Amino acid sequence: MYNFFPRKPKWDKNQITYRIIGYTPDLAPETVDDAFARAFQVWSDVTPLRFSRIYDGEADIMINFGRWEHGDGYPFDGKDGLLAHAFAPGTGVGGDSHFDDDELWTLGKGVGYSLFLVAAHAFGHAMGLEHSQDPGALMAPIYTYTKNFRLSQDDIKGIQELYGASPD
């Protein structure tokens, strides 16, 4: 079933804040923003968690792209291997999600990697979800493309364990 980080860390608030510092050239900026939004919404759908975008100063979830050493001491590794990473909820680095720009970022294709799926996956980590044993779960330790995506019961009960279900 579902898993969390060792000390079960979580946001002390439902109103979360995100900022996109950098883009990938692989996708249109507008299409990146829609991918990051839609990724936030798979989790917002089933919790009282609300993600609101800001365009300057420290946010909860600082989003960027980078390659190799990108100034956090967790280097990326070129094409494939690490696609991305997120930090468990916390101040500063806590919940910050980074994507390796040595990857080919795509949407709606089996070729390269869906920014939306990896982001959804990564944002799981940023809410305090670890990997899960269900091979169909979004918090699977493996990337898998599907054209038509739905949050598994495993991922819903895990996030609702921390933050409760949809009140709306």
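Numbering starts at 1 and runs along the sequence shown.
Asker: With reference to the PDB entry, specify whether the mean Cα temperature factor is higher for 153-161 or for 18-26.
Answerer: Taking the mean C-alpha B-factor of 153-161 and of 18-26, the larger value falls to 153-161.
Asker: Mean C-alpha B-factor higher for 74-82, or for 92-100?
Answerer: 92-100 has the higher mean C-alpha B-factor.
Asker: Determine which member of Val32, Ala39, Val46, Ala137 has the highest CA B-factor, using the values in the deposited entry.
Answerer: Spelled out: the listed residue with the top C-alpha B-factor is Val46.
Asker: Taking the values exactly as deposited, rank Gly57 by C-alpha B-factor within its chain and report the matching third: lowest, middle or highest.
Answerer: Its C-alpha B-factor belongs to the highest third of this chain's values.
Asker: Please rank the C-alpha B-factors of the chain's modelled residues and tell me whether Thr106 sits in the lowest, middle or highest third.
Answerer: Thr106: CA B-factor falls in the lowest third of its chain.
Asker: Classify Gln133 as lowest, middle or highest third according to the C-alpha B-factor given in the PDB entry, relative to its own chain.
Answerer: Answer is highest: the recorded C-alpha B-factor places it there.
Asker: With respect to C-alpha B-factor, does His121 fall in the lowest, middle or highest third of the chain as deposited?
Answerer: Lowest third - that is where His121 ends up once the chain's C-alpha B-factors are sorted.
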